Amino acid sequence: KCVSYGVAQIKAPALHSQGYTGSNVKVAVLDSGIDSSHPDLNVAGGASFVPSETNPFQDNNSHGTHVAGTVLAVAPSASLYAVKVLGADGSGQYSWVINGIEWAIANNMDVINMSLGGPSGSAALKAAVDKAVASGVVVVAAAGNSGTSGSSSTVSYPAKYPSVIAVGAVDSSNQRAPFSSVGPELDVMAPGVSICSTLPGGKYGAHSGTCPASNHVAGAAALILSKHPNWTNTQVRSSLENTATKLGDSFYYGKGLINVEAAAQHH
C-alpha cells in the first residue's frame, strides 16, 4: 500500500509500548460516516444527522473512513463513534454538525474530531463547540487548507473558535505544508502530507490535508486520557500545546509538532 510515518512522528509508539493505546476513551468522528465493514476498523457506535443518508456506518465520501484509520492508528483501543454530519459530496449543513456535537455531549464522548469547516461559522455553531468544551469534551479541528493571505488569518471554523484546538499540517521533515492555514488561532501541527489510512471497501490510500493532521491530535488526546483518565479537557489541551516540539513562527506553526510522549508526562 502507501507507507506512512505519522504515528511514529508524534511519538505514539512510546505510549503503546507502556500499555497506553486509548482504551475506554470515546472519540466521535463528525464526518461523512465510517465504513465499519473495513477489517481494520472497529466502530463502537454511531448516529447519522444527514437526512438523505441514514446509515452512519456507510461512507459514500471516504473522508470519514480515512479519519477513522488515522485515529485508530494513533489510539488502537479507542472506542470510535461514526457521527455522520457530511453527505457523499463531503458537504453538510451547520445544523447537522450541531446535531452531531449535541449527540457527542449527550453520549459522553471524551474527544470530538471535526475534520471539516468553512470560511464562516455561526453563533449556533460556536454555542455548540463552546458547550461541548464546557461539558469537558476535547474538541479538535483541521486549521484548514487555505494557504496564506498575507497578514490575514486563513484558519477555518470551527477551528478558528478559541474553544477548539486548531491543527495545521507538517510533512515527515516537520516543514509546514504549503496548503496549511495560518493565523494566531493555530495551536499545534501534526503529520498531514501523504497520510496512508483506510478507505471504503477494504482499501488504503494517502491523503494530504489539515484533516489527517487533526486526526493525529484526536488520537493523541485519546492516548493521553488512557494514561490520565482523571485529566480535564483543559489539562489534555495544555499537555499537547505546552510540550509541542517548537518549529517556526506561531502564525505558521503554532506551538509546533505535538509530542504525545512528552504530553503524557506534563505536570
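Numbering starts at 1 and runs along the sequence shown.
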Exercise. Taking only the CA atoms, which stretch has the higher mean B-factor in the record, 47-55 or 28-36?
Worked result: 47-55
Seminar exercise, completed: Higher avg CA temperature factor (138-146 vs 124-132, as deposited) belongs to 124-132
Problem set entry | Top Cα B factor in the deposited entry, candidates 219, 209, 69, 202 | 202
Problem set entry | residue 92 - Cα temperature factor, lowest/middle/highest third of chain | highest
Exercise. Going by the entry, which third of its chain does the Cα temperature factor of residue 116 land in?
Worked result: highest
Problem set entry | Ranked C-alpha temperature factor of residue 198 among modelled chain residues, by third | middle
Exercise. Once the chain's modelled residues are ordered by C-alpha B factor and cut into thirds, is residue 186 in the lowest, middle or highest one?
Worked result: highest
For this session: Could you tell me which third, lowest, middle or highest, the C-alpha B-factor of residue 230 occupies within its chain?
Result: middle
